[PDB]
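One structure coming up, written as structure tokens, with questions to follow.
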Amino acid sequence: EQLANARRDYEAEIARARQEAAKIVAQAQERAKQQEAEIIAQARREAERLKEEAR
Amino acid sequence: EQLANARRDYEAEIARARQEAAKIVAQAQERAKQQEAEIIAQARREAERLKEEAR
Amino acid sequence: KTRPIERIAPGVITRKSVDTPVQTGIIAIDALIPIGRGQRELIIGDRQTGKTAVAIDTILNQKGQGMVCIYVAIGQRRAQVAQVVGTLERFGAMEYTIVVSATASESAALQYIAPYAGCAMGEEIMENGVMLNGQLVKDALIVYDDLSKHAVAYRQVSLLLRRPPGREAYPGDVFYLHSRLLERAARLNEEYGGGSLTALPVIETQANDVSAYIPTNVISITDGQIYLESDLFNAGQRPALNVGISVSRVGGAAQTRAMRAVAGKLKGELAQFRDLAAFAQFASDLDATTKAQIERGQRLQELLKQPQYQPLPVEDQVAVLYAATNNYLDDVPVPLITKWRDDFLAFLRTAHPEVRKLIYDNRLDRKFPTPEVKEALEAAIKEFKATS
Amino acid sequence: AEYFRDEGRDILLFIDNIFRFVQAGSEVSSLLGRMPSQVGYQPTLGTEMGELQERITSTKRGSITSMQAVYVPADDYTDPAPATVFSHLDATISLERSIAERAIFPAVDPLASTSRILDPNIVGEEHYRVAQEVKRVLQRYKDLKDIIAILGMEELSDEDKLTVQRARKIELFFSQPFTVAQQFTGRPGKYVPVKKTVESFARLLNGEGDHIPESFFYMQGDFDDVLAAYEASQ
Amino acid sequence: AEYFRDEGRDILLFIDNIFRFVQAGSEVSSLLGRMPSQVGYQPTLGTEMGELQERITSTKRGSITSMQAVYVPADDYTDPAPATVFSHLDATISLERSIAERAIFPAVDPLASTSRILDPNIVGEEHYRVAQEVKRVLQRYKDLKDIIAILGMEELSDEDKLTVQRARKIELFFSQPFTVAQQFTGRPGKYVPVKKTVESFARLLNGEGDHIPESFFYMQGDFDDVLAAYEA
Amino acid sequence: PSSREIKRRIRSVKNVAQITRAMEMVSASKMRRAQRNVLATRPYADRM
Ligand SMILES: Nc1ncnc2c1ncn2[C@@H]1O[C@H](COP(=O)(O)OP(=O)(O)OP(=O)(O)O)[C@@H](O)[C@H]1O
Ligand SMILES: [Mg+2]
């Protein structure tokens, strides 16, 4: 009986690991995008600052 | 061994997942900074034109 | 208009306790040695130790603080002054700073009034103020650089005047010289304008002799001292600060509430680290508590290590200290902590600058870790650790 | 101060940094064409010091309770100004740079500090005995400084080891938070009555608190606070 | 030298015992009747020394680099003369007796010899890193000389006997042939560029050349030269 | 602090370092033979 449930628990954990891997990969995506947008935004707001100081 | 296998497989998949999340985030961060570097380089050039207009 | 140098200080009643902090940008300086506008803090070291580096870093950090930096070089070589002015020009800090050069090749008459002239510009900023970034600023930062060479030049002038020498062949009025020089740097009350003039004199000592005449005089007259250990600098900790003995009598109240709130337990833990420095020699003879304290102290001291020309905003300062002092960095190995901090500050500049601005405009509250700012910061640090 | 003293009112005098006074005298004398005396000081340092200090006297019409402050040039206690001040005092307090850098903010050196009123007829037999014991302790420590620095702790005898441990405990216990120190120290100020101080030091000297670690004596008031802190630490 | 510097040329100035210049100035001031200063030195120490040694700068037209010998009075680096000399110094070299007792003519003591310009911002990150690593391993070497003399090399732990062996190899590598010594030693001098020096020392530190003994590094140039010697 | 009394202190402490320097290595030499004796006695204890 212990072998059966342990094998079942292994399947649940490995499925949970894939489930855990799903959002960890997912959360990286918006952190990838949201960092990108601000980096562009930071570059842009600095860009006008360079332009206005030139004027 | 099955329980030991479950612990190893659970950690191995998680370790792989955290690796992939770090990798793709690195791609976005490196892709964004060069875009920011391009914009900052672009920002400097337009300022360069501004003084030439002043001259 | 011209301001007369060699004038009496404004006076006692014409003063107010300092309340507005000065953001130096160095973790150790801004954490353990708070600096307020209008205070007098000493940066003392042993020759090539980093006093000039600390001064120029402080000047660089004050780009958007409504600040008027003053750097007066006494007896410095032309090469050093040229390097300093070039460094200031590179970072754009040159637009708001005035540099007075009294170099070694120049006569002994110079290097004797140059600090007084710099103090005159400081007093002009005090009373009248100037237009900076579209706003009237009346707060000025002055760095007199090496005062030991100023005292040397004054001794030369006195001896050439055949005045009787005193202790260490110095004229007996050298204490009066430095006192009248530095006492004019003050924090005026509202009814005389409310301006401030923070003074950062620099002293060069010999073989870490803090018991010499001029060093003791300047320690006595100034409010706080920043002892720069040569051994620590050679050990790799470039912002070498003798945290055990360096102290600022004033400015603890003139510190942002978040900064002190996160730095009090920092100072406590670093004190525990210094106390346990003797016990670090034993191997496996220390319990879990002492070993954890040693690891924490090493982590925090490596965190204090900050590279040159890298000022850090106060919000980033407090975020990093909250990260380090809430057991969130115990997992990080010590040698990688500096790059971890760099990556984390980059993360905040890229992922959650909104957290940064929230900290910035919530730094004036009595309690720093406000539920939203605390939570937000905890979520951000957990996300960054997940990315790591 | 003299006007209020002469009418009988008690006067609390706090003259600060008389060394600045004597330094100004030295500067003005040097500017006056007088010869420098010793290290550039005025020839009439003793006369001026007497003229100022002798006016600070409690008389039969009224009493002046005066605290004076003296700055020592560099760290030289043999400088003429502190030496001249030394002979005009009833109680002497010496603050040492080493004690200050050892985080002992009071920084008072018990061995270099004396008082004329330290008499069992005046202060009490118990207070006098406690003070003498607290001086002989740390006198042993000053004697054994070189040995502890070079050979180490083990070379001392058992009684010598106990005396050294009690001396370090005493010097740490001398630290005390101040109500005006809240600006840079989070430790709340403590006011310890002289009777409480005598009781605490006598209890420590008897042997009580020997098992307590020395670090618990730092930033503490009476011995009861140390005992409470140790109990909290369990 | 200023005439040559005005022509755009780079000039090396060699001053023998600048402390003798300091004492000459002190005697001149004493003869003039000026008051003594802090040792009995001249009151115009800083001014006299600043009139000198300040014309030695890198101008846009040309640059003059000065190599000045210094005698320390007694052994006091806190004496006013050596301290003032240090006030206008950018790099230090301390030749040592024992290093030259062994036939290493460039007997530069690495620990005592320092330089202000040794920072990543000027010489590059790689140069600073390799210099710091060399200093660390040599410091470990001199620290463990005590243990070696007391108990021997066998007591040295693993990865530590490696450090002492590598330190001996690198300190024998410090030797370099000199073209002015070609006739005396019969060995042609080798000019090692700074980039080549940094690369060779990095490739010595990372692990290459460990199989090569302490020899074949003596009187050598770049790591390519020692490899060529080991092969033959 | 008389520029000569400190000289006697320097000479005395320099002697102390020299004496302790001899002390450090003589114990180390006896340390080597003590460890050697331990190794030689090990088979007798281990075998029984
Ligand atoms: N945080 C730092 N990171 C890296 N290098 C540093 C740092 N602080 C100082 N240095 C280096 O230390 C050296 C000495 O700096 P600095 O000029 O400030 O010294 P000092 O103690 O003020 O005295 P001096 O004016 O005599 O050199 C320089 O080479 C500088 O680059
Ligand atoms: Mg400097």
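All Cβ positions, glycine included, derive from the backbone under ideal geometry; neighbour counts span all protein chains shown. Every number here is computed from the coordinates shown, using simple stated rules; none is lab data.
Kindly establish whether D:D90 is out of contact with any helix residue (DSSP H, G or I) (no Cβ under 7 Å at 6 or more places or on another chain) and among the acidic types (D, E).
Yes: the conditions hold for D:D90.
Of all residues in the stretch C:37-52 being assigned to a loop (DSSP other than H, G, I, E, B) and within 29 Å of C:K138 (Cα to Cα), which is nearest to ligand 1 (Cβ to nearest atom)?
Result: C:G50.
Please indicate, with yes or no, whether at least one residue in the stretch C:235-252 is within 16 Å of ligand 1 (Cβ to nearest atom), among the polar types (S, T, N, Q), surrounded by fewer than 19 Cβ atoms within 10 Å (Cβ to Cβ) and more than 30 Å from E:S26 (Cα to Cα).
Taking every residue of the stretch C:235-252 in turn, at least one turns out to be within 16 Å of ligand 1 (Cβ to nearest atom), among the polar types (S, T, N, Q), surrounded by fewer than 19 Cβ atoms within 10 Å (Cβ to Cβ) and more than 30 Å from E:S26 (Cα to Cα).
Could you list, in sequence order, the residues of the stretch A:42-51 that are among the basic types (K, R), farther than 25 Å from B:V25 by Cα and either outside any helix (DSSP H, G or I) or within 7 Å of another protein chain (Cβ to nearest Cβ) (or both)?
Quick first cut of the stretch A:42-51, residues among the basic types (K, R) only: A:44-45, A:49, A:51.
From what is left, the residues that are farther than 25 Å from B:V25 by Cα are A:49, A:51.
Selection gives A:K51 alone.
Then there's this: Among the listed residues C:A73, C:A79, which satisfies the condition of being within 14 Å of chain E (Cβ to nearest Cβ), touching a residue at least 60 places away in the same chain (Cβ under 8 Å) and either touching a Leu at 6+ places or on another chain (Cβ under 6 Å) or within 16 Å of ligand 2 (Cβ to nearest atom) (or both)?
After ruling out the rest, the residue left standing is C:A73.
Tell me which of these E:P82 doesn't satisfy, since it passes every other one: (1) farther than 17 Å from E:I170 by Cβ; (2) more than 10 Å from every other protein chain (Cβ to nearest Cβ); (3) in contact (Cβ under 8 Å) with a residue 60 or more places away in the chain.
For E:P82, the exception is condition (2).
Another question about this same structure. Assuming C:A55 fulfils every condition listed in (1) within 14 Å of chain E (Cβ to nearest Cβ); (2) of a type outside the set (S, T, N, Q); (3) under 20 Å from E:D90 (Cβ atoms); (4) within 12 Å of ligand 1 (Cβ to nearest atom) apart from one, which condition is it?
Every listed condition holds for C:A55 apart from (1).
Could you count how many residues in the stretch E:116-146 are surrounded by 13 or more Cβ atoms within 10 Å (Cβ to Cβ), within 13 Å of the chain's Cα centre (by Cα) and more than 22 Å from E:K190 (Cβ to Cβ)?
Going through the stretch E:116-146 one residue at a time, the tally reaches 2.
Right, here's the next one. Within the stretch C:206-225, is there a residue that is more than 24 Å from C:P115 (Cα to Cα), within 14 Å of chain E (Cβ to nearest Cβ) and either small (G, A, S) or assigned to a helix (DSSP H, G or I) (or both)?
Within the stretch C:206-225, one or more residues are more than 24 Å from C:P115 (Cα to Cα), within 14 Å of chain E (Cβ to nearest Cβ) and either small (G, A, S) or assigned to a helix (DSSP H, G or I) (or both).
Hey, can you tell me all the residues within the stretch B:1-26 that are at the interface with another protein chain (Cβ under 8 Å from one of its Cβ atoms) and either aliphatic (A, V, I, L, M) or in contact with a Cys (Cβ under 9 Å, 6 or more places away or on another chain) (or both)?
B:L3, B:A6, B:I14, B:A17, B:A21, B:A22, B:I24, B:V25
Which residue pairs have Cβ atoms under 8 Å apart, sit 6 or more places apart or on different chains, and have a first residue in the stretch E:114-132 that is of a type in the set (S, T, N, Q) and a second that is within 16 Å of ligand 2 (Cβ to nearest atom)?
Close Cβ pairs satisfying both conditions: E:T114/E:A91; E:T114/E:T92; E:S115/E:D90; E:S115/E:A91; E:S115/E:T92; E:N121/C:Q308; E:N121/C:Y309.
For the stretch B:32-41, which residues satisfy the criterion of being more than 10 Å from A:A32 (Cα to Cα) and either touching a helix residue (DSSP H, G or I) at 6+ places or on another chain (Cβ under 7 Å) or facing chain A (nearest Cβ under 7 Å) (or both)?
B:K33, B:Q35, B:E36, B:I39, B:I40
Name, by its number, the condition in (1) away from chain E (no Cβ under 11 Å); (2) free of Cβ contacts under 8 Å to residues at least 40 places away in the same chain; (3) within 12 Å of ligand 2 (Cβ to nearest atom) that does not hold for C:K63.
Only one criterion in (1) away from chain E (no Cβ under 11 Å); (2) free of Cβ contacts under 8 Å to residues at least 40 places away in the same chain; (3) within 12 Å of ligand 2 (Cβ to nearest atom) is unmet by C:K63, namely (3).
Residue by residue, here is whether (1) within 12 Å of another protein chain (Cβ to nearest Cβ); (2) more than 16 Å from ligand 1 (Cβ to nearest atom); (3) part of a helix (DSSP H, G or I); (4) crowded, with 20+ Cβ neighbours inside 10 Å holds:
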position	(1), (2), (3), (4)
C:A102	yes, no, no, yes
C:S107	yes, yes, no, no
C:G118	no, yes, yes, yes
C:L136	no, yes, no, no
C:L141	no, yes, no, yes
C:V157	yes, yes, yes, no
C:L177	yes, yes, yes, yes
C:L181	no, yes, yes, yes
C:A185	no, yes, no, yes
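Then there's this: Exactly one of (1) in contact with a strand residue (DSSP E or B) (Cβ under 9 Å, 6 or more places away or on another chain); (2) buried (at least 19 other Cβ atoms within 10 Å of the Cβ); (3) within 14 Å of chain E (Cβ to nearest Cβ) is unmet by C:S230. Its number?
All conditions pass for C:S230, except number (2).
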